[PDB]
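Computed over heavy atoms, backbone and side chain alike; hydrogens, waters and symmetry mates excluded. Residue numbers start from 1 in every chain, and the chains themselves are labelled A, B, ... in the order their sequence lines are given, proteins ahead of strands. We count ligands from 1, going down the list as the structure has it; atoms in each ligand are counted the same way.
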Amino acid sequence: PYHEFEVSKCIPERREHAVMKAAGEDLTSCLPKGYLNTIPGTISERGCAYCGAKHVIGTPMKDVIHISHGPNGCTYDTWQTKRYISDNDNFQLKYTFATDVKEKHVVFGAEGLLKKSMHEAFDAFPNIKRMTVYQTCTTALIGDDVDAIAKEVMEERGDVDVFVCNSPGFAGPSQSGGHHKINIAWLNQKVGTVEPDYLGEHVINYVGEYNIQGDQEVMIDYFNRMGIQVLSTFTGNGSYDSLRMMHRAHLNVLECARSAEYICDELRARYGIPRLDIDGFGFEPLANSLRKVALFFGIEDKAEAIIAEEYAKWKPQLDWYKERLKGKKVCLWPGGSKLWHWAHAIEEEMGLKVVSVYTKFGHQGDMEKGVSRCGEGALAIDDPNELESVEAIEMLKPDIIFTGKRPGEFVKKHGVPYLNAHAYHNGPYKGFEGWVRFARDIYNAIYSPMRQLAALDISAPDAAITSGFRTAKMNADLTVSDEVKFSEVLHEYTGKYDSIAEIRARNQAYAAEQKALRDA
Amino acid sequence: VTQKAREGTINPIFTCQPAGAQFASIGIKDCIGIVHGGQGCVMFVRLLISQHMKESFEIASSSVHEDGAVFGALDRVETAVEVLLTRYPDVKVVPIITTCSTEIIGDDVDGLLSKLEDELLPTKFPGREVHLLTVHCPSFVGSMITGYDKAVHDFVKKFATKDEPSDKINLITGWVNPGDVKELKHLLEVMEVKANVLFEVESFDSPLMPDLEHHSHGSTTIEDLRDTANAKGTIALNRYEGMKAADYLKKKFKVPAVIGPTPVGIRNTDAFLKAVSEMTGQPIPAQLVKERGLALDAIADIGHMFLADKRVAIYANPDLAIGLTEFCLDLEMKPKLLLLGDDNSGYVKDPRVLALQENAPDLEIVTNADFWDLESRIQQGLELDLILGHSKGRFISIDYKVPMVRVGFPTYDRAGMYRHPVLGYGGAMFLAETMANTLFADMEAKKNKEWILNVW
Amino acid sequence: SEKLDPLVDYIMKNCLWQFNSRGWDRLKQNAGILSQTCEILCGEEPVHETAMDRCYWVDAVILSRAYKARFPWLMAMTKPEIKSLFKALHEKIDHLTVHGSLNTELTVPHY
Amino acid sequence: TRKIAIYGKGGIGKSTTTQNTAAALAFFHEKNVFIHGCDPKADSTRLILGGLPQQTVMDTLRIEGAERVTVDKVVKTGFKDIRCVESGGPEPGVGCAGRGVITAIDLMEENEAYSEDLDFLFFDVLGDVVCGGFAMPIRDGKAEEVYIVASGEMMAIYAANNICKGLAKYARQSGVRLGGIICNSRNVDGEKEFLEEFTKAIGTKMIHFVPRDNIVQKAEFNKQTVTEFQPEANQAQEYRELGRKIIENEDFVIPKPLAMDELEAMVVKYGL
Amino acid sequence: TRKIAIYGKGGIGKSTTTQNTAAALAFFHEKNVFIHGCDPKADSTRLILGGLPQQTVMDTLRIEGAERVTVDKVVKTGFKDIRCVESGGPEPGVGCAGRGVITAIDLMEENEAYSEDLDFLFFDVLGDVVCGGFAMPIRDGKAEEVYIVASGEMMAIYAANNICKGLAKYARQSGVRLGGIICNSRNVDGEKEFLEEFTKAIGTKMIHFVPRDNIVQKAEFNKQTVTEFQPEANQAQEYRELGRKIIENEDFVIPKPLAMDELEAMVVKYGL
Ligand SMILES: Nc1ncnc2c1ncn2[C@@H]1O[C@H](COP(=O)(O)OP(=O)(O)O)[C@@H](O)[C@H]1O
Ligand SMILES: Nc1ncnc2c1ncn2[C@@H]1O[C@H](COP(=O)(O)OP(=O)(O)O)[C@@H](O)[C@H]1O
Ligand code: CLF
Ligand code: SF4
Ligand SMILES: [Mg+2]
Ligand SMILES: [Mg+2]
């Protein structure tokens, strides 16, 4: 049934944006609305279409000048807020570009300023030959023709390539407008314009991955070990030119269907490339995904070998945390796909109880996925506002919340710990090792001795003041049995602080080897 | 003075005007602003304040979409005010901050205020004290500094009301940290001077309490703002962050205004205290001589041994950056580059900048700067020992191996920098010792005469 | 009834192939994957005439493995009742994902 | 000072009527008149200055900056010492004239361009009010009265009704009122009866009827108003009467725009 | 298909001439014509649809969303199966009508509204091209030819000259060309001579002369064109000749705008 919040009675439109799973209901009984306009003044969590296009999908590309046509403020506001890394020395994190539109450019036109800014950026970074121009609110209203300027700059330089993304912040209800716009733009302008140099025997496009803390590198490692060529990645750790070659892959391996399903559906409709939805998170979802990809190419035995090896290495460590986390309650509050990527896997493989999910921008498809994969009684919210979140916490009493940084700092002031669902904490959270890293983060947040200390009132007359120390393991062992506590097979996470250094230093070795053989 | 020759931006130093108006608004008790425009315009600013403070602050949006831009979006603001007021019954001040989009299309938010006060407030919130104001912040003008300056002017102009005279002064702090306000309030309390402090941002640091939840908020009240008209005088520390409000008070209510100096370092703190002493009649007491002496003893331990002849690049909010340059010169350091990151035309007329040009010989001042100014000068051969700046220039520091002291806004890559002063004598001691310790850690990382840190 | 609820429940808790973006694509996804699963469980070798048929088959292979592992009563039934059951399963998944769906985006004509 | 904004269909004669009425006001009624042109093509002050000004508020902001705009570089003086300024703006197809008008009127208020001794301040606005920046002349602290120029052509009346719709909105925010409809004749059959019916239907009046005369074009080719060209001509007397009727106007209303089915029904008797 | 944009001074008869020529093209020459009104007041297809359309592209995005705009909800069919769409836009004094035209034309492109078997696609634009969004019809992939409607009045010629100045940019960027100047007579003394001389000084031709006739008013009051109203009237034959001249046009040039001193010297012969 549709859940109406006490804080949202005055805005009755909010009633049909929340459901509570009930026994005897299916997807055709009730379903929260989605991808609608925001109610003004609600202090919702939603962003703008420029965010969805530029900040989320565009910037991950590693060999590109990302210049926003607009004032400095849009460019500053999205700079150094994301954790998509690259093997291009993180160029996409360290350099950001604006045309710096002033009032004279608003009144008289900013196209000359855009052309001059593009030439300046190419001049300052002569090793970069690719560029994307993003519209902002300002330059989208006044009608600047960015496409004509991009054509002029390309012909004046003769060795650069420019992509145009016309996604101003107001052009849509949330980041989702940006997802759609940039997908269709890249497909229509850029796909098919470059031919691959080498095409191996099993070629995939890895679609919908943005390399948060090295998530893509983790997945590339697995594909290398199955002998699968990743032609391009959309767009984490992705290069401009490889993404122009997407029309030549045997299979589209889609991870985030909220942000990249558009290009996948259109590549399927145009070039006949099949679309295979996968999970990167969890042990069993990731194992099944690897099995499907290897099965498509007839190389199943390679996937099974990876899976057995990874299970033997990481399953004992994951089960150490799973034993200590059984029954703990969590609120799953990302923006998009991570709510249905995690809801079932976290309950099964860490023992947590998912009491609520929400999406900031997701459509009704994300909610039908999320409601399906959640248990009965879970609260599913679309376009949540701050007061609704407070009410949900007071009703559900979660032990941890997975949400954003600023929402996390809010719920901290209501007693609850948080893990960053967006940027991770000690990521990457993808892979088999990554799931163990996620479990350790959950366990550290929940069983912190500092959390119990903060709950203690020292001015209370008979206050339970103690001395010495406690550890998280002391706190968590109070919840397990003797058989679990003295198990000789379960042990804590044995991994480096930077798990990606060794993974990246392996993907690069593989690349070198493959090049050697090919060039011979 | 060098004006940046490029027209585009590579790595901006500041954000836009609406962000500054939003930051000024969160310093007022029972105030939630509505940013009129796209949702990104408010969500990113809340994230940016969160990066600096590691706290969450309530700011609302009118959520302008495509139909709002094409058809007009004043109905969005009317809906936003109603929704915000019904759902937050403790709110008394609602500033309506415009953005680039609604400044371009010409949404008449001033006229809407009149209608709201005549129709919506008396009808659906009868007897409730609600004050609405507009802050016009076109992001293609100025920067977050000018947005902050304008918002302080707008808040004062809304509320200041002539009444019985008060012995208080007005202290407009400028854009400062909670640690800075604590230091300034300590100075005033030793001098025995009551002030209307704009703004009281110590409560930005909220405690993690056992039972009673307690969120971050500002502590400047409507009564503080109302009483600004009755003060003996106004001291605005920052000429670019509060001189407009002070000029308004002088012109409208004849409240004498003293602009600056920013009390960065020993000498400028003395000048600030002398201004307070002249305004109020209160003598500088012997306790301040002692606290000043303590800061000077710390500085003497490190000054001509470690700080003399160190080459420094500085960027911050303009007033803080200029004051930091002056303090570094007093410490015998060699400031090489000063970055003033926006297009304000008052910098070249600023008496502090004219004095820097006269007597700081190897210092280059770049107005309308971005971070590519600093980085491309290092690539061309500028050698620095130290950088003073905020966190968005951290990759220059990381990649070129120049240590940086985190000052200004935002400093998100170090823990708890908002709790330490850079103003006053306490701030001078904190600043000088942090510079020394940053340099010490760098010598040890590079093994650069690191054996010398034994009998200094 | 007692045979459909475990099968439908496993699909909706574990699988992602039934949640395509548009109803006309969901119909093809449902038909291809479920028919091939019925063939696998009946001892047949499905024949592929397209790359999408092969993509249907990988989902079908994984799903049939899970059904064999978790529902032993399938390997005891004979082909007529397996066909009827998978005909019923196909109808139920179609109703849940397309016919009775409250997801109104499935009728958006563009991707 | 009576601050007035002129609206109406494009090319209906707003600029010509404003300049000619201003000349008649200055010459026949000895009034201090100011004209602020709010059209980017900056053609609202040619008949008074005897040629297009070459300094616009926006051209000056583009070259020197907003802070270096002065009430001496952009405000000019023409016939009978009528003070004129042009907002300026971009050439067609680029930028944002709406923002330019917002900024230009803001700057002229900041620099006290409108002197206390003015009897009339005319904001001459373009015909396509496409944005909120072209309604800046009817915000609080700006024009308190609006005159709409129309004619017997059904599109001109439709444009007048459309302008009244937008003017009803601001009437509930700002206290701007409609002073009447000025009819610049286009020689339409039933033009007078159509205009009388339409003004009554929306709650206003036809303040004056301005005939269609070729002497207006002749004076315009000679860079002047009819009052400057030929003070004793009949068209000059019409502008003088129109100026007199504006001076003595006291009927300022919130218009009631007609639904399109009402206007469609009204125009049936005129196509016969 | 020949994609054309119509520009000119405000209220000079862009919409009337566009609709009447479209009706003549469809009726006398059996042509497939499409009209895209690029004016927020949405009056560019009333004569073809026989009444103001009640679904613009912008009204449909506001009600349904961008993703639900369909080439069946917003495209209507009128006289001689002429297909008509209106961009729509805000009421006067609010919003951005330039952005609405950008979005409306974008949406008609994404939904492939303009068929490939069309013979003519007219973009009927407003008279105040105040921003870049009103130049959207002459971007790449849009109108390839521009006809400016003018008249012998000096402000119409000045407006036509201004449009030529702004049109230089799009002639360079998208290759759009000026096909000629349509002269809608305003009964100005020496009108034909002034138009010939002006069209010669900028490098183009007066493609046709449209007489000022009141049958156009009568037909407009009757919600139809002259061709629908009275096919055998003289004015209908004038639109039939203009349509034929547009069909058989091969003179497409980049106009060379006149500095205003040249235009000032030119208008002296006509102020006598
Ligand atoms: N009463 C009139 N008789 C004859 N021509 C007129 C009359 N009023 C205006 N005109 C003509 O109208 C043309 C366009 O008018 P203009 O003032 O430029 O329009 P707007 O300012 O409304 O765009 C001018 O060239 C002028 O000669
Ligand atoms: N050839 C003509 N003869 C008579 N009246 C005309 C003629 N062309 C246009 N008109 C009149 O011009 C009025 C306004 O023209 P319109 O086409 O609406 O202008 P625009 O589209 O340029 O804004 C119409 O209402 C019509 O009565
Ligand atoms: S310069 Fe500043 S932050 Fe930029 S928009 Fe303008 S006021 Fe705002 Fe806003 S919604 Fe997104 S983030 Fe921008 S494209 Fe618009
Ligand atoms: S319609 Fe008005 S606000 Fe919008 S771009 Fe054009 S001039 Fe500017
Ligand atoms: Mg005019
Ligand atoms: Mg028209």
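A salt bridge between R99(D) and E103(B) is present, with a side-chain N of the basic residue lying under 4.0 Å from a carboxylate O of the acidic one.
Not one N or O on the side chain of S87(D) forms a donor-acceptor pair closer than 3.5 Å with the backbone of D39(D). Under the 3.5 Å distance criterion, the side-chain polar atoms of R46(A) are left unmatched by any main-chain donor or acceptor of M43(B). At least one donor-acceptor pair closer than 3.5 Å links the side chain of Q22(B) to the backbone N or O of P18(B).
The distance from ligand 3 to the heavy atoms of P18(B) drops below 4.0 Å at these ligand atoms: 7 (S).
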Evaluate the criterion side chain to side chain donor-acceptor pair (under 3.5 Å) for residue pair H105(A) and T99(A); output intermediate values, then yes/no. CA-CA 10 Å; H105(A) 305 111; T99(A) 59; over 6 Å; no
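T146(B) places none of its side-chain heavy atoms less than 4.5 Å from the side chain of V141(B). Looking only at side-chain heavy atoms (C-beta outward), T59(A) and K54(A) come within less than 4.5 Å of each other.
For the side-chain hydrogen bond (donor to acceptor under 3.5 Å, both in side chains) with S44(D), the lone residue among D124(D), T16(D), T18(D) that qualifies is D124(D).
Atom 4 (Fe) of ligand 4 has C96(E) SG as protein N, O or S atoms under 2.8 Å away. Taking distances strictly below 2.8 Å, the protein N/O/S atoms close to atom 9 (Fe) of ligand 3 are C41(B) SG.
Nearest to atom 1 (S) of ligand 3 among the protein's heavy atoms is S139(B) OG, 3.1 Å. What sits closest to atom 2 (Fe) of ligand 3 on the protein, heavy atoms only, is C16(B) SG, 2.2 Å.
Residues meeting the side chain to side chain contact (heavy atoms under 4.5 Å, CB included) test with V94(E), sequence neighbours left out: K169(D), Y170(D), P90(E). Residues passing the salt bridge (charged side-chain N to carboxylate O under 4.0 Å, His left out) test with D59(D): none are found, sequence neighbours excluded.
Under the 30°/60° scheme for interplanar angles, the aromatic rings of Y134(A) and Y50(A) are found to stand perpendicular.
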